[PDB]
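Quick heads-up: it's one chain on its own, the form deposited in one PDB entry, in structure tokens.
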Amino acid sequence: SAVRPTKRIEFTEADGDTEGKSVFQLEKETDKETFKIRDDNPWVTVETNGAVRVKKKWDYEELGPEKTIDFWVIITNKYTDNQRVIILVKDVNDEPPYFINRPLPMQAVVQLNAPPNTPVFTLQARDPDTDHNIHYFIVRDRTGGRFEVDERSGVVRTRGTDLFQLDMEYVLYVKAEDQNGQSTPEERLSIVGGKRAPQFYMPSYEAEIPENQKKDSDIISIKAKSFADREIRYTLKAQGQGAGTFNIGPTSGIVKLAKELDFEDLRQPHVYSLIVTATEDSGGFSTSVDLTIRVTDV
């Protein structure tokens, strides 16, 4: 027949990242066949010998919604053959955006007399694909319409002139969506009127240290965010065993080893459970978090 079975083949965007690179060889039914493209294609040239070469550096986003380099070839040696070539192009960078806001869950405060269009928090997601653009939006507003999000910047801004209530929680569920390839999870943003307690940069902390850890060496750094941007004082208590084995820097949040350790001494536990407290001298507010320290033998 005049038409050959359609050549189907899969390559990544990156396989086509260099002009003139021979991606694949089109097969010939007879030794003396020569190839020629039917229509000029922006992405590929076809050599006389059937080698398919990168013309313009492949860009998945720039392909039609089909995501294929789709072209025909003429085969000869008139009595000529025709064959369709469909290169399915895979965008291997195309993985969903994720929020890079820290700490999670998303927490902000709103000034009680915040005037309209006061920014209270900036949503920041990252698309691992550098070639993608994302839009931020609210999927569920539990604030009674007191906040909106800028789709470009991710900035969350107050609306209306009414006051906000002290200690009152305003909740938005927010999402960033890809304009190319997927989205973030629908994350919960908690905005509290006026002030709220410090939030640790991790919901729990875990350290693993050898038996021979040097006395007064740093074991783990703990940090809490003060929403009032006020001074944080850290304290550390032991849950059960190990009181006084570790301390934490009042200002630094750095947990050091206070005592020598013996793994073969069964008086000392192998897993220490500690609670770190972050205290604002901004008045009252404290938050606690678990710190778990495991000791390995050496």
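Superpose the two forms; the largest set of C-alphas matching within 1.5 Å is the rigid core. Start at 1 with the first residue shown and count on from there.
What comes next is about the form deposited in another entry, which is not displayed.
Remark: with the core as the superposition reference, the CA shift of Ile86 between this form and the one not shown reaches 2 Å or more. Once both forms are fitted on their rigid core, the CA atom of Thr12 lies less than 2 Å apart between this form and the one not shown. The pair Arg126 and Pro65 is tighter in the other entry: their Cα-Cα distance falls by no less than 3 Å compared with this form. With a change of no less than 3 Å, the CA-CA distance between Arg152 and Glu61 is larger in the other entry than in the form shown.
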